[PDB]
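Protein chains in written order, with the entry's author numbering: chain L, 1 to 215; chain H, 2 to 226.
Here the structure is laid out as structure tokens; the discussion comes afterwards.
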Amino acid sequence: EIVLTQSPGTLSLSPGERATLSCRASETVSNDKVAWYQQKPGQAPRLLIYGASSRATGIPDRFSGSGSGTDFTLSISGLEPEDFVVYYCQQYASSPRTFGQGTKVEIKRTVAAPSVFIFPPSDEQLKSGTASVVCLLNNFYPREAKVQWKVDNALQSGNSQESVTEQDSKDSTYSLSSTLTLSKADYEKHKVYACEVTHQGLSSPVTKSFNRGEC
Amino acid sequence: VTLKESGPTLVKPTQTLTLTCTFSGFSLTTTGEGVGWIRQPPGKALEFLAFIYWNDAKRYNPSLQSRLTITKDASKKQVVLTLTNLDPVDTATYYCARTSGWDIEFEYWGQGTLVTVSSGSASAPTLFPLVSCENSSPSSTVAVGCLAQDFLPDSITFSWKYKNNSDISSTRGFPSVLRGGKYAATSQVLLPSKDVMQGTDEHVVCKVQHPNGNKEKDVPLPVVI
Ligand SMILES: *[C@@H]1O[C@H](CO)[C@@H](O[C@@H]2O[C@H](CO)[C@@H](O)[C@H](O)[C@H]2NC(C)=O)[C@H](O)[C@H]1NC(C)=O
């Protein structure tokens, strides 16, 4: 059992610069049989370098591998927009083999203030016994953001899954949606529902709320 | 060299799951060549299930030992995978690859297939209108959304049209999340505030193309004026 840990999880790079990916192994690998893979969301993963030193057919020469033992580094010269995908390091000397957590590289951009909108549940949806309150964040950077639900001054926990979209191809921004799920009886026992959004580019937190019966 | 996967798109928990990896253009006769299965749950990394070498040599993962079986049929040139004790947390997309030697591992990858493990049934999606309750802050533009809920499997495309059947460029697609055995997703669209206080069109239609029904509900604008 060889445990592979990759760090950092997310890194912000710029096109044309150099990116270094680190791969940590829990023990030495015989014959340095470590390979790197490239995977794009939607499509299938593709092999780039096998044995950490030999490239494969149809792979550009700008990808270079180095290191041995328990330390391996992947250096890429001439970063391209299409290269902002997730990369995994894997060793095939274990039998059975193991895979790492993987690292994601994002395009570095300036901080943009997010937009917060909240939609109260519809009357038709209330008839089904389920109430859904949404909290939408759009055009923010970096991806790291805290979304907390506060209703009747009581902080909620254990009831938010959280969905986040991928990086925009033309805007390089991120968006995420937060959905609040509660019982119909509990919904009628609360008046004001608000979600708090905290951002690096905001001096003070911005809170949005609505009054039941007015929407 | 190419690979193709096939199997059921919906399987109930605690049952038998069977997948077939269809490959053509090579034979598993030379040494070093082998076939392996790699799965990846959404939002997680790749997971190694098992690998089979030549001369009927098979390898299994100790974390999943005594739970998977590897069988090969040279006549049909396709490996058969059997999965038992299905669990909702094990839902992932399964891929198979060919190793062209001892050092070149997984040189060619196929396309894969989504195998959803949910106790529920493939019911038609349900749409719910969303009214914008924003006030005292018109901001740049106003936003209206569409909550597609109770759909399985996750395959939905969103398109926004006006009352006169026009075209809108939203491109705001949120991924689905497994909540209570069902997938939930949200979609929004940005519209200028000037158009709201102008044309008599007070609502727009939300359209979803899912292979369980062609319903399309309309979301009324809150109107500011
Ligand atoms: C359908 O109605 C909308 C009104 O909401 C029309 O949009 C207006 O018309 C121009 C020209 O097409 C658009 O570019 C603008 O978005 C709207 N005008 C203004 C001043 O904002 C839309 O054109 C109509 N569809 C068709 C096919 O005519």
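Built from N, CA and C at the ideal position, the CB exists for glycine as well.
Which partner residues of residue i appear in the DSSP bridge assignment?
{"i": "residue 145 of chain H", "result": "H:190"}
{"i": "residue 204 of chain H", "result": "H:221"}
{"i": "residue 108 of chain H", "result": "Residue 108 of chain H pairs with nothing; no bridge assigned."}
{"i": "residue 12 of chain H", "result": "H:118"}
{"i": "residue 211 of chain H", "result": "H:214"}
{"i": "residue 182 of chain L", "result": "L:131"}
{"i": "residue 36 of chain L", "result": "L:49, L:89"}
{"i": "residue 226 of chain H", "result": "According to DSSP, which records beta bridges pairwise, residue 226 of chain H is partnered with nothing at all."}
{"i": "residue 149 of chain L", "result": "L:195"}
{"i": "residue 130 of chain H", "result": "H:147"}
{"i": "residue 23 of chain L", "result": "L:72"}
{"i": "residue 99 of chain H", "result": "H:36, H:109"}
{"i": "residue 64 of chain L", "result": "L:75"}
{"i": "residue 22 of chain H", "result": "H:6, H:80"}
{"i": "residue 87 of chain H", "result": "DSSP lists no partner for residue 87 of chain H."}
{"i": "residue 80 of chain L", "result": "DSSP lists no partner for residue 80 of chain L."}
Judging by CA-CA distance, which residue of the options is the nearest neighbour of residue i?
{"i": "residue 119 of chain L", "options": "H:115, H:133, H:189", "result": "H:133"}
{"i": "residue 19 of chain H", "options": "H:58, H:39, H:84, H:65", "result": "H:84"}
{"i": "residue 136 of chain H", "options": "L:33, L:215, L:114", "result": "L:215"}
{"i": "residue 94 of chain H", "options": "H:5, H:172, H:124, H:147", "result": "H:5"}
{"i": "residue 157 of chain L", "options": "L:181, L:80, L:137", "result": "L:181"}
{"i": "residue 121 of chain H", "options": "H:8, H:179, H:26, H:17", "result": "H:179"}
{"i": "residue 74 of chain L", "options": "L:203, L:61, L:22", "result": "L:22"}
{"i": "residue 186 of chain H", "options": "L:153, L:188, L:207, L:135", "result": "L:135"}
{"i": "residue 107 of chain H", "options": "H:45, H:49, H:171, H:222", "result": "H:49"}
{"i": "residue 85 of chain L", "options": "L:65, L:103, L:208", "result": "L:103"}
{"i": "residue 194 of chain H", "options": "H:127, H:117, H:138", "result": "H:138"}
{"i": "residue 54 of chain H", "options": "H:171, H:100, H:42", "result": "H:100"}
{"i": "residue 117 of chain L", "options": "H:216, H:8, H:188, H:152", "result": "H:188"}
{"i": "residue 58 of chain H", "options": "H:71, H:65, H:42", "result": "H:71"}
{"i": "residue 218 of chain H", "options": "H:225, H:148, H:206", "result": "H:206"}
{"i": "residue 69 of chain H", "options": "H:77, H:76, H:81, H:75", "result": "H:81"}
{"i": "residue 122 of chain L", "options": "H:177, H:31, H:222", "result": "H:222"}
{"i": "residue 37 of chain L", "options": "L:171, L:184, L:173, L:64", "result": "L:64"}
{"i": "residue 171 of chain L", "options": "L:163, L:106, L:194", "result": "L:106"}
{"i": "residue 70 of chain L", "options": "L:187, L:112, L:6", "result": "L:6"}
{"i": "residue 44 of chain H", "options": "H:216, H:224, H:91", "result": "H:91"}
{"i": "residue 75 of chain H", "options": "H:183, H:67, H:56", "result": "H:56"}
{"i": "residue 12 of chain H", "options": "H:66, H:24, H:109, H:182", "result": "H:182"}
{"i": "residue 244 of chain L", "options": "L:209, L:68, L:76", "result": "No information on residue 244 of chain L is available, as it lies outside the stretch 1 to 215 that chain L covers here."}
{"i": "residue 45 of chain L", "options": "L:126, L:83, L:129, L:188", "result": "L:83"}
{"i": "residue 27 of chain L", "options": "L:115, L:57, L:56, L:94", "result": "L:94"}
{"i": "residue 183 of chain L", "options": "L:209, L:205, L:125, L:13", "result": "L:125"}
{"i": "residue 129 of chain L", "options": "L:187, L:79, L:153", "result": "L:187"}
{"i": "residue 152 of chain H", "options": "H:104, H:192, H:216", "result": "H:216"}
{"i": "residue 43 of chain L", "options": "H:28, H:131, H:109", "result": "H:109"}
Given a cut-off of 8 Å, decide if residue j and residue i are closer than it, judged by their beta-carbon atoms.
{"i": "residue 209 of chain H", "j": "residue 129 of chain H", "result": "no"}
{"i": "residue 37 of chain H", "j": "residue 102 of chain H", "result": "no"}
{"i": "residue 52 of chain H", "j": "residue 40 of chain H", "result": "no"}
{"i": "residue 197 of chain H", "j": "residue 143 of chain H", "result": "yes"}
{"i": "residue 169 of chain H", "j": "residue 211 of chain H", "result": "no"}
{"i": "residue 202 of chain H", "j": "residue 162 of chain H", "result": "no"}
{"i": "residue 10 of chain L", "j": "residue 109 of chain L", "result": "no"}
{"i": "residue 115 of chain H", "j": "residue 154 of chain H", "result": "yes"}
{"i": "residue 79 of chain H", "j": "residue 21 of chain H", "result": "yes"}
{"i": "residue 190 of chain L", "j": "residue 133 of chain L", "result": "no"}
{"i": "residue 150 of chain H", "j": "residue 127 of chain H", "result": "yes"}
{"i": "residue 35 of chain H", "j": "residue 2 of chain H", "result": "no"}
{"i": "residue 29 of chain L", "j": "residue 91 of chain L", "result": "yes"}
{"i": "residue 178 of chain L", "j": "residue 138 of chain L", "result": "no"}
{"i": "residue 99 of chain L", "j": "residue 202 of chain L", "result": "no"}
{"i": "residue 125 of chain H", "j": "residue 88 of chain L", "result": "no"}
{"i": "residue 167 of chain L", "j": "residue 111 of chain L", "result": "no"}
{"i": "residue 213 of chain H", "j": "residue 123 of chain H", "result": "yes"}
{"i": "residue 30 of chain H", "j": "residue 87 of chain H", "result": "no"}
{"i": "residue 32 of chain L", "j": "residue 66 of chain L", "result": "no"}
{"i": "residue 225 of chain H", "j": "residue 204 of chain H", "result": "no"}
{"i": "residue 140 of chain L", "j": "residue 114 of chain L", "result": "yes"}
With residue i and residue j assumed to form a contact (beta carbons below 8 Å), what rounded beta-carbon distance in angstroms separates them?
{"i": "residue 165 of chain L", "j": "residue 174 of chain H", "result": "7 Å"}
{"i": "residue 145 of chain L", "j": "residue 198 of chain L", "result": "7 Å"}
{"i": "residue 35 of chain L", "j": "residue 19 of chain L", "result": "With 8 Å as the limit, residue 35 of chain L and residue 19 of chain L do not qualify as a contact, their Cβ atoms being about 18 Å apart."}
{"i": "residue 196 of chain L", "j": "residue 148 of chain L", "result": "5 Å"}
{"i": "residue 25 of chain L", "j": "residue 2 of chain L", "result": "6 Å"}
{"i": "residue 15 of chain L", "j": "residue 96 of chain L", "result": "Not quite, the Cβ-Cβ distance comes to about 38 Å (not below 8 Å), so this is no contact."}
{"i": "residue 163 of chain L", "j": "residue 176 of chain H", "result": "6 Å"}
{"i": "residue 207 of chain L", "j": "residue 194 of chain L", "result": "5 Å"}
Compute every distance between the C-beta of residue i and the non-hydrogen atoms of ligand 2, then say whether any falls below 7 Å.
{"i": "residue 9 of chain H", "result": "Among the ligands present in this structure, namely ligand 1, ligand 2 is not found."}
Practice task
Collect the residues with a C-beta less than 7 Å away from any heavy atom of ligand 1 and give them in sequence order along the chain.
Solution key: Counting only heavy atoms of ligand 1, the residues whose C-beta sits closer than 7 Å to one of them are, along the chain, H:163, H:164, H:165, H:167, H:193, H:195, H:196, H:199, H:200, H:202.
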